[PDB]
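Containing PDB, C-alpha atoms and all ligand atoms: data.pdb.
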```pdb
ATOM      1  CA  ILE J  14      96.897 -81.174   6.708  1.00  0.00           C
ATOM      2  CA  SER J  15      95.778 -80.862   3.035  1.00  0.00           C
ATOM      3  CA  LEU J  16      97.563 -78.729   0.433  1.00  0.00           C
ATOM      4  CA  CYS J  17      95.402 -77.344  -2.365  1.00  0.00           C
ATOM      5  CA  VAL J  18      96.813 -78.679  -5.657  1.00  0.00           C
ATOM      6  CA  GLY J  19      95.902 -75.487  -7.548  1.00  0.00           C
ATOM      7  CA  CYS J  20      97.786 -73.006  -5.396  1.00  0.00           C
ATOM      8  CA  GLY J  21      99.775 -75.109  -2.908  1.00  0.00           C
ATOM      9  CA  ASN J  22      98.400 -73.491   0.289  1.00  0.00           C
ATOM     10  CA  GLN J  23      96.516 -75.209   3.176  1.00  0.00           C
ATOM     11  CA  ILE J  24      92.766 -75.689   2.697  1.00  0.00           C
ATOM     12  CA  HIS J  25      90.897 -74.195   5.677  1.00  0.00           C
ATOM     13  CA  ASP J  26      87.371 -74.255   4.126  1.00  0.00           C
ATOM     14  CA  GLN J  27      84.542 -76.319   5.664  1.00  0.00           C
ATOM     15  CA  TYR J  28      84.701 -78.729   2.702  1.00  0.00           C
ATOM     16  CA  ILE J  29      87.552 -79.945   0.492  1.00  0.00           C
ATOM     17  CA  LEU J  30      86.884 -80.899  -3.124  1.00  0.00           C
ATOM     18  CA  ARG J  31      88.562 -84.142  -4.246  1.00  0.00           C
ATOM     19  CA  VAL J  32      89.082 -85.030  -7.846  1.00  0.00           C
ATOM     20  CA  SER J  33      89.582 -88.778  -7.816  1.00  0.00           C
ATOM     21  CA  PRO J  34      92.112 -89.997  -6.837  1.00  0.00           C
ATOM     22  CA  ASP J  35      93.884 -88.023  -4.126  1.00  0.00           C
ATOM     23  CA  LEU J  36      93.647 -84.525  -5.710  1.00  0.00           C
ATOM     24  CA  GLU J  37      92.365 -82.149  -2.992  1.00  0.00           C
ATOM     25  CA  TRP J  38      91.277 -78.632  -3.970  1.00  0.00           C
ATOM     26  CA  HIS J  39      90.157 -75.320  -2.693  1.00  0.00           C
ATOM     27  CA  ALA J  40      86.739 -74.983  -4.264  1.00  0.00           C
ATOM     28  CA  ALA J  41      87.851 -71.752  -5.939  1.00  0.00           C
ATOM     29  CA  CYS J  42      90.989 -73.257  -7.445  1.00  0.00           C
ATOM     30  CA  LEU J  43      89.235 -76.075  -9.303  1.00  0.00           C
ATOM     31  CA  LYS J  44      88.855 -74.311 -12.671  1.00  0.00           C
ATOM     32  CA  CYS J  45      88.480 -75.368 -16.262  1.00  0.00           C
ATOM     33  CA  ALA J  46      91.912 -74.908 -17.811  1.00  0.00           C
ATOM     34  CA  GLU J  47      90.287 -73.234 -20.824  1.00  0.00           C
ATOM     35  CA  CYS J  48      86.960 -71.621 -19.864  1.00  0.00           C
ATOM     36  CA  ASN J  49      88.062 -70.864 -16.281  1.00  0.00           C
ATOM     37  CA  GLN J  50      84.800 -72.126 -14.805  1.00  0.00           C
ATOM     38  CA  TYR J  51      84.506 -73.817 -11.429  1.00  0.00           C
ATOM     39  CA  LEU J  52      84.184 -77.552 -11.930  1.00  0.00           C
ATOM     40  CA  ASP J  53      82.305 -77.830  -8.612  1.00  0.00           C
ATOM     41  CA  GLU J  54      79.100 -77.395 -10.687  1.00  0.00           C
ATOM     42  CA  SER J  55      79.385 -80.982 -11.921  1.00  0.00           C
ATOM     43  CA  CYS J  56      79.979 -84.545 -10.735  1.00  0.00           C
ATOM     44  CA  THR J  57      82.776 -85.069 -13.105  1.00  0.00           C
ATOM     45  CA  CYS J  58      85.686 -83.413 -14.769  1.00  0.00           C
ATOM     46  CA  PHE J  59      88.439 -84.344 -17.164  1.00  0.00           C
ATOM     47  CA  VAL J  60      92.153 -84.456 -16.580  1.00  0.00           C
ATOM     48  CA  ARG J  61      94.856 -84.709 -19.271  1.00  0.00           C
ATOM     49  CA  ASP J  62      98.492 -83.493 -19.298  1.00  0.00           C
ATOM     50  CA  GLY J  63      98.208 -82.189 -15.692  1.00  0.00           C
ATOM     51  CA  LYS J  64      95.512 -79.693 -16.689  1.00  0.00           C
ATOM     52  CA  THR J  65      91.874 -80.003 -15.508  1.00  0.00           C
ATOM     53  CA  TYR J  66      89.040 -79.443 -17.995  1.00  0.00           C
ATOM     54  CA  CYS J  67      85.266 -79.307 -18.179  1.00  0.00           C
ATOM     55  CA  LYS J  68      83.543 -81.650 -20.697  1.00  0.00           C
ATOM     56  CA  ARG J  69      82.772 -79.027 -23.393  1.00  0.00           C
ATOM     57  CA  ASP J  70      86.385 -77.985 -23.536  1.00  0.00           C
ATOM     58  CA  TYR J  71      87.649 -81.515 -23.015  1.00  0.00           C
ATOM     59  CA  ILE J  72      85.606 -82.984 -25.881  1.00  0.00           C
ATOM     60  CA  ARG J  73      86.316 -79.931 -28.035  1.00  0.00           C
ATOM     61  CA  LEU J  74      90.084 -80.494 -27.469  1.00  0.00           C
ATOM     62  CA  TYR J  75      90.702 -84.204 -26.800  1.00  0.00           C
ATOM     63  CA  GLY J  76      87.352 -85.967 -27.238  1.00  0.00           C
ATOM     64  CA  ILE J  77      86.187 -87.990 -30.213  1.00  0.00           C
ATOM     65  CA  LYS J  78      84.550 -85.370 -32.485  1.00  0.00           C
ATOM     66  CA  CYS J  79      83.284 -85.252 -36.103  1.00  0.00           C
ATOM     67  CA  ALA J  80      85.696 -84.912 -39.054  1.00  0.00           C
ATOM     68  CA  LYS J  81      83.409 -82.515 -40.918  1.00  0.00           C
ATOM     69  CA  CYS J  82      81.663 -80.156 -38.488  1.00  0.00           C
ATOM     70  CA  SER J  83      84.222 -80.510 -35.668  1.00  0.00           C
ATOM     71  CA  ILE J  84      81.601 -81.138 -32.955  1.00  0.00           C
ATOM     72  CA  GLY J  85      81.558 -83.921 -30.324  1.00  0.00           C
ATOM     73  CA  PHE J  86      79.081 -86.804 -30.127  1.00  0.00           C
ATOM     74  CA  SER J  87      76.180 -87.710 -27.867  1.00  0.00           C
ATOM     75  CA  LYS J  88      76.495 -91.068 -26.103  1.00  0.00           C
ATOM     76  CA  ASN J  89      73.589 -92.452 -28.173  1.00  0.00           C
ATOM     77  CA  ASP J  90      74.625 -90.855 -31.512  1.00  0.00           C
ATOM     78  CA  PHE J  91      75.243 -93.000 -34.601  1.00  0.00           C
ATOM     79  CA  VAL J  92      78.403 -92.264 -36.611  1.00  0.00           C
ATOM     80  CA  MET J  93      79.760 -93.145 -40.133  1.00  0.00           C
ATOM     81  CA  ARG J  94      83.480 -94.024 -40.342  1.00  0.00           C
ATOM     82  CA  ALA J  95      86.351 -93.302 -42.691  1.00  0.00           C
ATOM     83  CA  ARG J  96      89.532 -95.271 -41.922  1.00  0.00           C
ATOM     84  CA  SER J  97      90.364 -93.042 -38.942  1.00  0.00           C
ATOM     85  CA  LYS J  98      87.565 -90.393 -39.081  1.00  0.00           C
ATOM     86  CA  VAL J  99      84.097 -90.657 -37.469  1.00  0.00           C
ATOM     87  CA  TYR J 100      81.180 -88.655 -38.927  1.00  0.00           C
ATOM     88  CA  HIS J 101      77.672 -87.475 -37.945  1.00  0.00           C
ATOM     89  CA  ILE J 102      75.144 -89.439 -40.013  1.00  0.00           C
ATOM     90  CA  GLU J 103      73.891 -85.983 -41.080  1.00  0.00           C
ATOM     91  CA  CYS J 104      77.419 -84.783 -42.103  1.00  0.00           C
ATOM     92  CA  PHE J 105      78.529 -87.777 -44.186  1.00  0.00           C
ATOM     93  CA  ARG J 106      78.318 -85.809 -47.433  1.00  0.00           C
ATOM     94  CA  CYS J 107      80.569 -85.625 -50.446  1.00  0.00           C
ATOM     95  CA  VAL J 108      82.188 -82.177 -50.155  1.00  0.00           C
ATOM     96  CA  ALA J 109      82.121 -81.696 -53.955  1.00  0.00           C
ATOM     97  CA  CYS J 110      78.597 -82.742 -54.998  1.00  0.00           C
ATOM     98  CA  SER J 111      77.405 -82.000 -51.479  1.00  0.00           C
ATOM     99  CA  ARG J 112      75.146 -84.978 -51.244  1.00  0.00           C
ATOM    100  CA  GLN J 113      74.841 -87.957 -48.924  1.00  0.00           C
ATOM    101  CA  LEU J 114      76.859 -91.170 -48.916  1.00  0.00           C
ATOM    102  CA  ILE J 115      75.218 -94.534 -48.249  1.00  0.00           C
ATOM    103  CA  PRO J 116      76.373 -98.036 -47.222  1.00  0.00           C
ATOM    104  CA  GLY J 117      77.660 -99.557 -50.455  1.00  0.00           C
ATOM    105  CA  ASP J 118      78.941 -96.391 -52.155  1.00  0.00           C
ATOM    106  CA  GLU J 119      82.407 -96.286 -53.644  1.00  0.00           C
ATOM    107  CA  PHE J 120      84.064 -93.292 -51.913  1.00  0.00           C
ATOM    108  CA  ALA J 121      87.369 -91.786 -50.800  1.00  0.00           C
ATOM    109  CA  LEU J 122      88.838 -89.694 -47.955  1.00  0.00           C
ATOM    110  CA  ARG J 123      91.031 -86.913 -49.436  1.00  0.00           C
ATOM    111  CA  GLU J 124      92.739 -84.102 -47.488  1.00  0.00           C
ATOM    112  CA  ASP J 125      89.996 -81.805 -48.817  1.00  0.00           C
ATOM    113  CA  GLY J 126      87.386 -84.277 -47.465  1.00  0.00           C
ATOM    114  CA  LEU J 127      84.985 -87.016 -48.522  1.00  0.00           C
ATOM    115  CA  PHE J 128      84.403 -87.542 -52.236  1.00  0.00           C
ATOM    116  CA  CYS J 129      82.046 -89.823 -54.116  1.00  0.00           C
ATOM    117  CA  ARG J 130      83.532 -92.168 -56.759  1.00  0.00           C
ATOM    118  CA  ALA J 131      82.387 -89.677 -59.418  1.00  0.00           C
ATOM    119  CA  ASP J 132      84.003 -86.519 -58.027  1.00  0.00           C
ATOM    120  CA  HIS J 133      87.167 -88.496 -57.077  1.00  0.00           C
ATOM    121  CA  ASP J 134      87.651 -89.200 -60.796  1.00  0.00           C
ATOM    122  CA  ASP J 300      92.351 -94.931 -52.479  1.00  0.00           C
ATOM    123  CA  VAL J 301      88.764 -95.913 -53.292  1.00  0.00           C
ATOM    124  CA  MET J 302      86.653 -97.607 -50.569  1.00  0.00           C
ATOM    125  CA  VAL J 303      83.153 -99.080 -49.953  1.00  0.00           C
ATOM    126  CA  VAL J 304      81.050 -96.905 -47.541  1.00  0.00           C
ATOM    127  CA  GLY J 305      79.954 -98.981 -44.503  1.00  0.00           C
ATOM    128  CA  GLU J 306      76.960 -99.347 -42.183  1.00  0.00           C
ATOM    129  CA  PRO J 307      76.254 -96.548 -39.626  1.00  0.00           C
ATOM    130  CA  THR J 308      77.088 -97.451 -35.982  1.00  0.00           C
ATOM    131  CA  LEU J 309      76.393 -96.313 -32.407  1.00  0.00           C
ATOM    132  CA  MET J 310      79.253 -95.266 -30.073  1.00  0.00           C
ATOM    133  CA  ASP J 316      85.968 -92.298 -19.748  1.00  0.00           C
ATOM    134  CA  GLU J 317      89.746 -92.939 -19.584  1.00  0.00           C
ATOM    135  CA  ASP J 318      90.650 -89.387 -18.474  1.00  0.00           C
ATOM    136  CA  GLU J 319      87.306 -88.646 -16.774  1.00  0.00           C
ATOM    137  CA  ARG J 320      87.309 -88.270 -12.981  1.00  0.00           C
ATOM    138  CA  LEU J 321      84.749 -87.991 -10.163  1.00  0.00           C
ATOM    139  CA  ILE J 322      84.292 -84.834  -8.087  1.00  0.00           C
ATOM    140  CA  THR J 323      83.480 -85.379  -4.415  1.00  0.00           C
ATOM    141  CA  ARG J 324      82.923 -82.768  -1.720  1.00  0.00           C
ATOM    142  CA  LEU J 325      84.576 -84.081   1.436  1.00  0.00           C
ATOM    143  CA  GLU J 326      83.908 -82.338   4.780  1.00  0.00           C
ATOM    144  CA  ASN J 327      87.069 -80.807   6.282  1.00  0.00           C
TER     145      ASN J 327
HETATM  146 ZN    ZN J 401      93.878 -73.182  -3.784  1.00  0.00          ZN
HETATM  147 ZN    ZN J 402      85.647 -75.591 -19.965  1.00  0.00          ZN
HETATM  148 ZN    ZN J 403      79.588 -83.516 -38.242  1.00  0.00          ZN
HETATM  149 ZN    ZN J 404      80.730 -86.087 -55.184  1.00  0.00          ZN
END
```

Translate the structure of the given file into structure tokens.
Amino acid sequence: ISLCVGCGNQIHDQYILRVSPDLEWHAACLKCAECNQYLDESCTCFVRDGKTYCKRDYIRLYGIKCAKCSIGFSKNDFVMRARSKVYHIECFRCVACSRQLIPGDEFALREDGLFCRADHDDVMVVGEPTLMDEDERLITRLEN
């Protein structure tokens, strides 16, 4: 037998959807925990804290995302760092003078945001921009 993890009842459909490892689902019960959408549409889905998510919602909630615009990154995107906070090369602006920061600029991360060594007045030296799966899991459609 196989008990659908979403609802607990037996799966009598022609195919059983398995989130790796060992999570068997009714196709209708495999929903994004936030947007409610069937995750059958995709090869993969994300699984944290016992909830199952689609990428958009995953990244938007748990993924690495940008400290300014609050939007996730593309696998080949190049990001500027601040101690703990990654940033879109386009969004690495001083929030006060609203202008770009470059490798070799004195700068500082304040609660309000990034500030250049002029609008600040701890201080740092802006660094070189850089390019770039733990909770991600494979969806397989097993025949019943
Ligand atoms: Zn079910
Ligand atoms: Zn979603
Ligand atoms: Zn950004
Ligand atoms: Zn500034």

Exercise: stretch 54-67 of chain J partners within 12 Å, only C-alpha atoms, chain neighbours under 3 positions left out, as a compact mmCIF listing (two decimals) with C-alpha atoms, in the frame of the given file:
```
# COMPACT_ATOMS: atom_id res chain seq x y z
CA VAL J 18 96.81 -78.68 -5.66
CA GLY J 19 95.90 -75.49 -7.55
CA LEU J 30 86.88 -80.90 -3.12
CA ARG J 31 88.56 -84.14 -4.25
CA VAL J 32 89.08 -85.03 -7.85
CA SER J 33 89.58 -88.78 -7.82
CA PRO J 34 92.11 -90.00 -6.84
CA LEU J 36 93.65 -84.52 -5.71
CA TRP J 38 91.28 -78.63 -3.97
CA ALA J 40 86.74 -74.98 -4.26
CA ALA J 41 87.85 -71.75 -5.94
CA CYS J 42 90.99 -73.26 -7.44
CA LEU J 43 89.24 -76.08 -9.30
CA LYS J 44 88.86 -74.31 -12.67
CA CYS J 45 88.48 -75.37 -16.26
CA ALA J 46 91.91 -74.91 -17.81
CA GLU J 47 90.29 -73.23 -20.82
CA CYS J 48 86.96 -71.62 -19.86
CA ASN J 49 88.06 -70.86 -16.28
CA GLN J 50 84.80 -72.13 -14.80
CA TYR J 51 84.51 -73.82 -11.43
CA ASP J 70 86.38 -77.98 -23.54
CA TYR J 71 87.65 -81.52 -23.02
CA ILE J 72 85.61 -82.98 -25.88
CA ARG J 73 86.32 -79.93 -28.04
CA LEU J 74 90.08 -80.49 -27.47
CA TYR J 75 90.70 -84.20 -26.80
CA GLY J 76 87.35 -85.97 -27.24
CA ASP J 316 85.97 -92.30 -19.75
CA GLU J 317 89.75 -92.94 -19.58
CA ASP J 318 90.65 -89.39 -18.47
CA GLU J 319 87.31 -88.65 -16.77
CA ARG J 320 87.31 -88.27 -12.98
CA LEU J 321 84.75 -87.99 -10.16
CA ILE J 322 84.29 -84.83 -8.09
CA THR J 323 83.48 -85.38 -4.42
CA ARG J 324 82.92 -82.77 -1.72
```

* Surrounding residues as an NGL selection string, ligand ZN 404 (chain J), max 10 Å, all atoms listed in the file -> :J and (106-114 or 120-121 or 127-134)

* To do: For atom CA of residue J:96 and atom CA of residue J:122, quote the distance in Å rounded to one decimal.
  =>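 Atom-to-atom, atom CA of residue J:96 to atom CA of residue J:122, that is 8.2 Å.
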
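Atom CA of residue J:26 sits 14.2 Å away from atom CA of residue J:53.
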
* Distance of atom CA of residue J:119 from atom CA of residue J:92, expressed in Å to one decimal place ->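 A separation of 18.0 Å between them.
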
* All residues having an atom within 7 Å of ligand ZN 403 (chain J) (all atoms listed in the file) as a ChimeraX atom specification -> /J:79-84,100-101,103-104

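Ranking J:307, J:99, J:69, J:16 by their shortest atom-to-atom distance to residue J:116, with all atoms listed in the file included, puts J:307 first.
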
With all atoms of stretch 127-307 of chain J from the file as input, state the centre and edge lengths in Å to one decimal of the axis-aligned box that has 6 Å extra on each side, as AutoDock Vina command-line options.
```
--center_x 84.3 --center_y -92.9 --center_z -50.2 --size_x 28.1 --size_y 24.8 --size_z 33.2
```

* **Selected residue of minimal separation from residue J:86 among J:37, J:309, J:301, J:14, counting only C-alpha atoms** => J:309

* To do: List the neighbours of residue J:115 out to 9 Å using only C-alpha atoms; skip same-chain residues closer than 5 positions along the sequence, and give me the result as a list in words.
  => residues 105, 304, 305, 306 and 307 of chain J

Please save C-alpha atoms of the selected residues as a CSV table (one decimal), in the frame of the given file.
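Printed below is part_6.csv as written:
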```
chain,number,residue,atom,x,y,z
J,105,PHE,CA,78.5,-87.8,-44.2
J,304,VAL,CA,81.0,-96.9,-47.5
J,305,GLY,CA,80.0,-99.0,-44.5
J,306,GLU,CA,77.0,-99.3,-42.2
J,307,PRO,CA,76.3,-96.5,-39.6
```

* To do: Using only C-alpha atoms and all ligand atoms, pick whichever of J:35, J:52, J:97, J:22 has the shortest atom-to-atom distance to ligand ZN 402 (chain J).
  => J:52

* For ligand ZN 401 (chain J), which of J:308, J:15, J:21, J:95 is the closest residue, counting all atoms listed in the file? -> J:21
